[PDB]
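K.L.:
Below are the structure tokens for one structure; questions will follow.
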Amino acid sequence: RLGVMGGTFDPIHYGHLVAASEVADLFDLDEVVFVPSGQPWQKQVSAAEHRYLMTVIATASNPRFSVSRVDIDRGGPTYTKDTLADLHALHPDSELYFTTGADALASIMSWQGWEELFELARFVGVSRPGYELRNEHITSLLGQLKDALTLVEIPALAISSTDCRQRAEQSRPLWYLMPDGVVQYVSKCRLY
């Protein structure tokens, strides 16, 4: 059992890392591969290497986390379908569990095949405390498909990349929202 964590990580923060650990405890995953996403699907975010290196810095110290550049190296916006194909090729031993934010998930289903996407992995959306499903396509999708698609509330996902981005812009402290390495990387590279 191998977790797959997409995707933007701009910046990565404790919420993401809490979500990875929770979802691994739940589902008894042996490892979690973080996959920073490629180009955006609308033609403004940080450079792929910045997001990759932030993700590597944040996860380095965890024995059961890794970072893959499968989406980064591919070029273009990249389909989730390919992520899993590439990650199935390198981990043929394990069944995959793709996991991502609730809103990001509702943008993958949702422009791609889904029917063929659920053949490749079980799906585990992670959501902030106050989450209410408003997307009716997903509500419909749910009736179709135990347990192809789960949602797991993560209190820590109250912390968001958008807030961290606004806080860095406003020179407001990012301390304790993310590892010291990430905050200082964000600061040094003046990412926002």
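In case it helps, the authors' numbering puts the sequence shown at residues 5 to 47, 50 to 151, 153 to 199.
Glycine included, every Cβ here is placed at the ideal spot set by N, Cα and C.
Have a look at the DSSP bridge pairing and note the partners of residue 131.
P.N.:
For the purposes of this step, residue 131 is identified with residue 125 of the sequence shown, where counting begins at 1. Answer by DSSP bridge pairing, in chain order: 106, 158.
K.L.:
Measure the C-alpha to C-alpha separation of residue 87 and residue 179 and round it to an integer number of angstroms.
P.N.:
The residue labelled residue 87 in the question sits at position 81 within the sequence shown. The residue labelled residue 179 in the question sits at position 172 within the sequence shown. Residue 87 and residue 179: Cα-Cα distance of roughly 38 Å.
K.L.:
Would the C-beta of residue 50 count as close to the ligand FMN, meaning under 7 Å from any of its heavy atoms?
P.N.:
With respect to the ligand FMN, the structure shown offers nothing to examine, as it has no ligands at all.
K.L.:
In the DSSP assignment, what residue or residues form a beta bridge with residue 185?
P.N.:
Taking the sequence shown and counting its residues from 1, one reaches residue 185 at position 178. DSSP, once it has assigned bridges, lists 182 as partnering residue 185.
K.L.:
Three or more C-beta pairs under 8 Å: does that hold for the region 158-173 against the region 9-28?
P.N.:
A contact exists between the region 158-173 and the region 9-28.
K.L.:
Counting only the same chain and skipping the five closest in sequence on each side, list residues whose C-beta sits under 7 Å from that of residue 162.
P.N.:
By one-based count along the sequence shown, residue 162 stands at place 155. Within the same chain, residue 162 has close Cβ partners 135.
K.L.:
Are there 16 or more other CB atoms within 10 angstroms of the CB of residue 82, so buried, or fewer, so exposed?
P.N.:
Translated into positions along the sequence shown, residue 82 becomes position 76. That one is exposed.
K.L.:
Taking the alpha-carbon positions, what's the residue 7 to residue 45 distance?
P.N.:
Sequence index remark: in the sequence shown, residue 7 carries index 3 (1-based). Sequence index remark: in the sequence shown, residue 45 carries index 41 (1-based). Each residue's alpha carbon lies about 24 Å from the other.
K.L.:
Mind checking residue 120: buried by the 16 CB within 10 Å criterion, or exposed?
P.N.:
Here residue 120 refers to the residue found at position 114 when the sequence shown is read from its first residue. Flag for residue 120 reads buried.
K.L.:
Secondary structure at residue 6, three-state DSSP: helix, strand or coil?
P.N.:
Along the sequence shown, one-based indexing puts residue 6 at 2. In this structure, residue 6 counts as strand in the three-state DSSP scheme.
K.L.:
Looking only at DSSP bridge pairs, what is residue 82 linked to?
P.N.:
Within the sequence shown, the letter at position 76 stands for residue 82. DSSP lists no partner for residue 82.
K.L.:
Quick one: what's residue 11 bridged to in DSSP?
P.N.:
By one-based count along the sequence shown, residue 11 stands at place 7. In the DSSP output, where bridge partners are listed per residue, residue 11 has 40.
K.L.:
With a threshold of 7 Å on Cβ separation, who are the neighbours of residue 123 within its own chain once the five nearest residues in sequence on each side are excluded?
P.N.:
Sequence index remark: in the sequence shown, residue 123 carries index 117 (1-based). These residues qualify, in order along the chain: 86, 87.
K.L.:
For residue 149, is the classification buried or exposed, using 16 other Cβ atoms within 10 angstroms of its Cβ as the cut-off for buried?
P.N.:
For the purposes of this step, residue 149 is identified with residue 143 of the sequence shown, where counting begins at 1. Result: exposed.
K.L.:
Whose C-beta lies closer than 6 Å to the C-beta of residue 54 among residues of the same chain, with five residues either side of it excluded?
P.N.:
On the sequence shown, position 48 is the one that residue 54 refers to. Counting only Cβ-Cβ distances below 6 Å, and skipping sequence neighbours, we find 78.
K.L.:
Can you tell me whether residue 192 is buried or exposed, with buried defined as 16 or more other CB within 10 angstroms of its CB?
P.N.:
As a working note, residue 192 is residue 185 in the sequence shown. With 16 or more other Cβ atoms within 10 Å, it is buried.
K.L.:
Can you tell me which residues form a DSSP beta bridge with residue 73?
P.N.:
Here the question's residue 73 lines up with position 67 in the sequence shown. Answer by DSSP bridge pairing, in chain order: 38.
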